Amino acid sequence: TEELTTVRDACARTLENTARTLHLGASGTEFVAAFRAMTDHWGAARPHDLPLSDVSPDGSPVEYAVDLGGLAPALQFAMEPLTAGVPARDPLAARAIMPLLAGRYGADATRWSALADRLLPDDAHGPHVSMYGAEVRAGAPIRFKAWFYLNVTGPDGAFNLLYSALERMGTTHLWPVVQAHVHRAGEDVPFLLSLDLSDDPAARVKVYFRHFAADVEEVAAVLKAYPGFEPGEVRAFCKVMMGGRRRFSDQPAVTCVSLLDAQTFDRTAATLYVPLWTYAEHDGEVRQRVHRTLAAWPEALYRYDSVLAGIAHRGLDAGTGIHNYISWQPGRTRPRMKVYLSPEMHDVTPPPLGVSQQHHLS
């Protein structure tokens, strides 16, 4: 494919179209401007110019996410701070995003600053060190997010590194929350840590886990103890989204826990994320699964189809890679589900883990 357009412009256009589809109005316009502000550092880069990203498994450095739950529409992007020809693990771009967001949007850097020296060092092991993102609803302020990688000190250092992060934030007393989330030693592993970049009392610290070689019953067992994660509903949702498969045989299931919600019996602390690009022949089949889980709620189905139509740019049956994930939490009028979609700037049908991770592992 001959690339004629910067990554930033191509994704900004798609984001603007999606915001209009979701009726986000002026908040949507500001949201697109925030996307451009966060990606200005990519410069004139076309897709071939940036290092392959971990944001979307095909290597694209953006992921769109749309909340299909019962509340008003919300739109999100995640992106990777990157510079053409500079390894993605280099920390300079990620270090520059935080002061940009603090100065231009008033995003809060307090927890970020406690973590940055440890999680954005000059010598990170893994192929990636950061993602940042933003989410907006009509009429509401944009909320900004940062994600850090727990393989910065090697693939087997994630627990020690995560504990050090909790030390720096003064939250080591929540360590048993992390530990109890591991039901199969060596196969349930923490891999990401995120911050809401806000001083609001609801600002979260989240730990994300991979469940390798897990059956659906084992994923349900992980989630059962969090309020609302009824095993029969969790197992059924997994089986719907995996086309009847009972095992996460290559791509791991993902869950997370919001640490400051685990001891408050208020907002449920947990989320399930089902990866969608390795357990289907193509995105047309994935769409059938999304429709099946949404069939009771036509409003959510129409929102989903409308957003998908503006993001897909080839026939859904050509392969996988447009759908990255769908999440699940219990909700009020229906489960809260968010769908994660790739701009697919690289190859159809990404491998398990992602092109960049596969290259790193060799």
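We number the residues from 1 along the sequence you see.
- The mean C-alpha temperature factor is higher for 258-266 when 162-170 and 258-266 are set side by side.
- Taking the mean C-alpha B-factor of each stretch as recorded, 99-107 and 280-288 are not equal, and the higher mean is that of 99-107.
- The PDB entry assigns the greatest CA B-factor among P275, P141, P87, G133 to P141.
- Comparing C-alpha B-factors across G69, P51, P57, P330 in the deposited entry, the largest value falls on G69.
- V355: CA B factor lies in the middle third for its chain, per the PDB record.
- Remark: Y226 belongs to the middle third of its chain, ranked by C-alpha B-factor as recorded.
- In the PDB entry, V62 places in the lowest third of its chain by CA B-factor.
- Remark: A94 belongs to the lowest third of its chain, ranked by C-alpha B-factor as recorded.
- Compared with the other modelled residues of the chain, the Cα B-factor recorded for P121 ranks in the middle third.
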